[PDB]
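Only one chain is given next, in structure tokens, and it is the form solved without the ligand.
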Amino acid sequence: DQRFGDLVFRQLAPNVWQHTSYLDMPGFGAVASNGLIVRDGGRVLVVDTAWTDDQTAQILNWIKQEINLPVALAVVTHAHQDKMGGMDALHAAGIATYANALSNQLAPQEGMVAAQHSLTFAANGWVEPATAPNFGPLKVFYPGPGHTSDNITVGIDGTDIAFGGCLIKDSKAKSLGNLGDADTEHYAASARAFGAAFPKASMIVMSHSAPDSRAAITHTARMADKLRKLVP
């Protein structure tokens, strides 16, 4: 695990790294958020920003020093601060940014700055390739509402890795979330859709926990299931 400033990096495969940023906040402590960095031939692809523009810049600085390839594009997984808080740093660096159209639509409402481009999805959940030009091994899937209405998901082709973002909870989590933009009705089915979209992923990377097995997916849907009846 390479430390770089306030960011931590963990190689998950040749060509794939997890980036982790921390939001240092009173009462709680540091809240971790994870994203991905993927080397695809002669360029780098990033999934998710860090919490802040300055932390995101540090990712880019780490990429420069450790990998020394240019960053072609970033995909951002939904319109929350842990995923899109550093969009300005990506834009300032001349990186082409992508998000779900709905994520761009909601961005202003949240405190976020919108990605430059909007991804669109088929009825099957799969991204319309015309809207995701040159994503290389990044396979982008919209599993349905869950953690959020806009949440998207990313598989990394030629690896066992799939990224659930904040949709999939840890195999030992007890809660699905605190905020009313989680879709309690559909969550379980969204969790499962994700699993069905990347049936070969054995390593399941997520926003707030160390990578886990496919048990995270099962656990997350099960939770979602039991809760559906208890929400006031």
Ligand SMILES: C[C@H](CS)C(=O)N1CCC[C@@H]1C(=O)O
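Only residues modelled in both forms are compared. The first residue of the sequence shown is number 1, and the count goes up from there. Rigid core here is just the name for the largest C-alpha set that superposes within 1.5 Å across the two forms.
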Give the stretch, out of 218 to 226 and 15 to 23, with the larger mean C-alpha temperature factor in the deposited entry. 218 to 226
Between 152 to 160 and 95 to 103, point out the one with the higher average CA B-factor as the PDB entry records it. 152 to 160
Highest-ranked of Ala57, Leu36, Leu167, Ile67 once sorted by CA temperature factor in the record: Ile67
Deposited CA B-factor, highest of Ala188, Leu45, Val31, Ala50: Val31
Using the B-factors in the PDB entry, rank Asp88's C-alpha atom against the chain and give the third, lowest, middle or highest. middle
B-factor third for the C-alpha atom of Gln109 within its chain: highest
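Beyond what is shown, the protein has a form deposited with the ligand bound; the following relates to that form.
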Touches the ligand in the entry with it bound: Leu69 (any heavy atom, 4.5 Å): no
May I ask you to state whether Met25 is within 4.5 Å of the ligand in the entry with it bound, using heavy atom distances? yes
4.5 Å heavy atom contact, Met203 and the ligand in the entry with it bound: no
Would you check, heavy atoms only and a 4.5 Å threshold, whether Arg222 touches the ligand in the entry with it bound? no
Here the chain appears without its partner; judged in the entry with it bound, the stretch of 115 to 123, 131 to 139, 75 to 83, 96 to 104 with heavy atoms within 4.5 Å of the ligand is 75 to 83
In the entry with it bound, the residue from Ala188, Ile63, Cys166, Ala197 that sits within 4.5 Å of the ligand by heavy atoms: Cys166
Contact set, 201 to 228 vs the ligand in the entry with it bound - heavy atom within 4.5 angstroms: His208
If you line up the core, does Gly177 shift 2 angstroms or more at its C-alpha between the shown form and the other one? yes
Can a Cα shift of no less than 2 Å be assigned to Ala210 between the shown form and the other one, given superposition on the rigid core? no
Where exactly does the backbone move between the shown form and the other one? Looking for runs of 3+ consecutive residues, each with a CA shift of 2 angstroms or more after core alignment. 24 to 29, 177 to 180
